[PDB]
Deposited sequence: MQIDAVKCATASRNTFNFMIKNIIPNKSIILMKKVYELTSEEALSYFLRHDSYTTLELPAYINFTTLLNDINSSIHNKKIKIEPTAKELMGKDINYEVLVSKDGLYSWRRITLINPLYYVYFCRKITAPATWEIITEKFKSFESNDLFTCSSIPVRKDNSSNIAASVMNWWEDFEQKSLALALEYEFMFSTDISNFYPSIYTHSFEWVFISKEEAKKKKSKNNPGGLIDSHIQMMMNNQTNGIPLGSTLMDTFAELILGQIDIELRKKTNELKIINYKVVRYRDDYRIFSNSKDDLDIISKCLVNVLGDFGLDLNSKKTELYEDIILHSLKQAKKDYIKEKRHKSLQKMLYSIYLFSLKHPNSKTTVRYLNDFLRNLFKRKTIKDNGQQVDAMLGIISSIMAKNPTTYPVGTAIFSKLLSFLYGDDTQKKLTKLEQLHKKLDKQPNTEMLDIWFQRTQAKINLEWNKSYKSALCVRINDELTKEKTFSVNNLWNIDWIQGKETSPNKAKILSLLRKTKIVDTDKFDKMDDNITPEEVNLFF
């Protein structure tokens, strides 16, 4: 498969306009932004519309749509950004321009010449992870390991560092620096998170830290080592404890120039490479007992959810429970056992927000057993489920996946989410779809009835972001196949 850099300019624009590359959220399948991005693209190419930004016009206006995922802790959240589709296609068309994309593709090819390092996180155009398989394999060659991570790589990048990538001291770097400035209030504070476009930018400076670390490396003559990397997750292998310490002090020096540093918690020099190549949550998943009883397995999942809270391994181990739900036929003692399993899975979600897709699928399929067709009694248990889970402060990701099950059981009866009310407009077949408080067009010059803004408003209000053809083909309950792609 082709990575982002060994493909052509026309292929890079077509790749960046995919709903996959636009935003990598745990979103239902019926949401698809490809047609909207590909319509506003060809409209700029056909000169039907014109996108022309200005730092003065853009300063002081919030542009994007931010969705909050709890990630971990439940007192902290991650700000995933839905970039304005108008500014996104324009910003994709500008870096995919052959004048600068030629420089970008060859800058990545220079990272491949850095032969000591291995970046397994470069985006690609579509067992165990390669980051782990590459670490277990090099134990045959090296005995020691240095694992580390970056505190907030995406939120702490000094945006002016992009200029330091292509040129040194004092170019596509200034182009990148200037346009993350146009969004996010011209603060140079951070870069957005939740897009392949933003990931491709991160790997440019990640590979540049890789370039500059090798430059300090060769000056001190330490060339018998290897590095396996995935985003900010660094793993340096060598057979000399003295070398790793020097490489660590050089890696903290190069990060000191880009305004970053190592996570003191997740930074350690290791002697058992095989032990520390896997996460502790993935190790305990191996030892979990295989159960045939549903309640025995589901209760075992909850206990696993305490030792490893808000972990994606809990979703994998919950997804396999959902695999066995569709395989079973009759659920004996539905009046007693099903009610008990509902309270179990409701508590797993009340403490682990990452399990909203699977947990809603668990709550949906178990209710198709207790109430076959009586959707009225089904809706009361979801409202009971929502009343509990809504006690958390930021529950927008719940409302989106709660809507997937809601839309297939009853469309006639207020989600309070700008995206969810937009989906509901396209689900209820409304005349014009809402765009207010979803994406701000105030940066575009003119009035709402101006020949340009009203023409762009026609695209935002008529283009469907929901594949109603796929939605009608989707099953009544959430299937494991819809969640299996989230890994």
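- Item | Missing stretches, numbered from 1 on the deposited chain sequence and kept in order | No C-alpha for residues 1 to 31, 158 to 169, 214 to 222, 466 to 467.
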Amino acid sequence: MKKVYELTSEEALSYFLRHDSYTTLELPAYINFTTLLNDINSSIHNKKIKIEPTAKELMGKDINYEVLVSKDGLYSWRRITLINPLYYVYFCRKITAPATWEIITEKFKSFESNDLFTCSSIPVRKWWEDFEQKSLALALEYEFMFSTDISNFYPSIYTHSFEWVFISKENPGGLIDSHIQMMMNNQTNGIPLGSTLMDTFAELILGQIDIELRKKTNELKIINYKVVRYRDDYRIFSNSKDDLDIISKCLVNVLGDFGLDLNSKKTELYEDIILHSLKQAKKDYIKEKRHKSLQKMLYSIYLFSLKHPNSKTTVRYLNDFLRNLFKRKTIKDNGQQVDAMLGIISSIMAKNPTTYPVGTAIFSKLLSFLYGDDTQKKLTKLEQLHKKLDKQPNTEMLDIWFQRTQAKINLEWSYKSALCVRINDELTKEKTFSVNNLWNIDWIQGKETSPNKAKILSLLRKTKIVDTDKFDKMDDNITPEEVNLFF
From here on, numbers count along this sequence of modelled residues.
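- Message: Quick check on the record: does 72 to 80 or 264 to 272 carry the larger mean Cα temperature factor?
- Response: Mean CA B-factor is higher for 72 to 80.
- Mean C-alpha B-factor higher for 236 to 244, or for 334 to 342? Higher mean C-alpha B-factor: 334 to 342.
- In the PDB entry, which of 301, 197, 211, 379 has its C-alpha at the highest B-factor? The C-alpha B-factor peaks, among 301, 197, 211, 379, at 379.
- Query: Say you rank 153, 127, 258, 285 by Cα B-factor from the PDB entry; which sits at the top?
  - Reply: Answer, based on the entry's C-alpha B-factors: 127.
- Pull the Cα B-factor of residue 477 out of the PDB entry and bin it into the chain's lowest, middle or highest third. According to the entry, residue 477 has a C-alpha B-factor in the chain's highest third.
- Modelled-residue ranking by C-alpha temperature factor, third containing residue 405: Middle third.
- Rank-wise, by C-alpha B-factor, drop residue 373 into the lowest, middle or highest third of its chain. Highest third, going by the recorded CA B-factors of the chain.
- Grab the CA temperature factor for residue 383 from the record and place it in the lowest, middle or highest third of its chain. Lowest third of the chain for residue 383's C-alpha B-factor.
- Task: Could you look up the Cα B-factor of residue 190 in the entry and say which third of the chain it sits in: lowest, middle or highest?
- Result: Middle third - that is where residue 190 ends up once the chain's C-alpha B-factors are sorted.
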